[PDB]
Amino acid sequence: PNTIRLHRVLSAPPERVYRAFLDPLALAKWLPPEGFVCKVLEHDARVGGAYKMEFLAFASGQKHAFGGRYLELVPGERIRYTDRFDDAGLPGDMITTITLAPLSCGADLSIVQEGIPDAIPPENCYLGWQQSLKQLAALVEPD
């Protein structure tokens, strides 16, 4: 497996970025990469709560579902959750942890995903996150 990490400085308070990661309405807009829509099936934001949604390629209809559970939640500071692909051919336990800290300009965002299957090329995960992070910024930075 492989571990990946990203870092972004955002012009928004950490609490607002934090909410963006848990709010189903926010997630459906910023999480899916370009050309993908997202349907959120379950969003129980509690330690132990279940995560559930699926991405759909808009031009083909190709759907990919995934989900997991929230392992830890520290308001405006930390989110760690598991990810399990319901796709036929990707078993295992992928864990991502989001760390947020305040800055004068807003917030420092750290993301790390461990246990990424060797089948999934790391480069693809970075491309995917880069698109989603750009979308997250457009949503959280205003006002």
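Position 1 is the first residue in the sequence shown; the rest follow in order.
Which wins on mean Cα temperature factor, 54-62 or 83-91?
The stretch with the larger mean CA B-factor is 83-91.
Mean C-alpha temperature factor, higher of 19-27 and 115-123:
If you average the C-alpha B-factors of 19-27 and of 115-123, the larger mean comes out for 115-123.
Can you tell me which of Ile98, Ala107, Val74, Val47 has the highest Cα temperature factor in the record?
Largest recorded C-alpha B-factor: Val47.
Relative to the other modelled residues of the same chain, rank the CA B-factor of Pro33 and answer lowest, middle or highest third.
Its C-alpha B-factor belongs to the middle third of this chain's values.
Tell me, lowest, middle or highest third: where does the Cα B factor of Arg69 rank within its chain?
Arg69: CA B-factor falls in the middle third of its chain.
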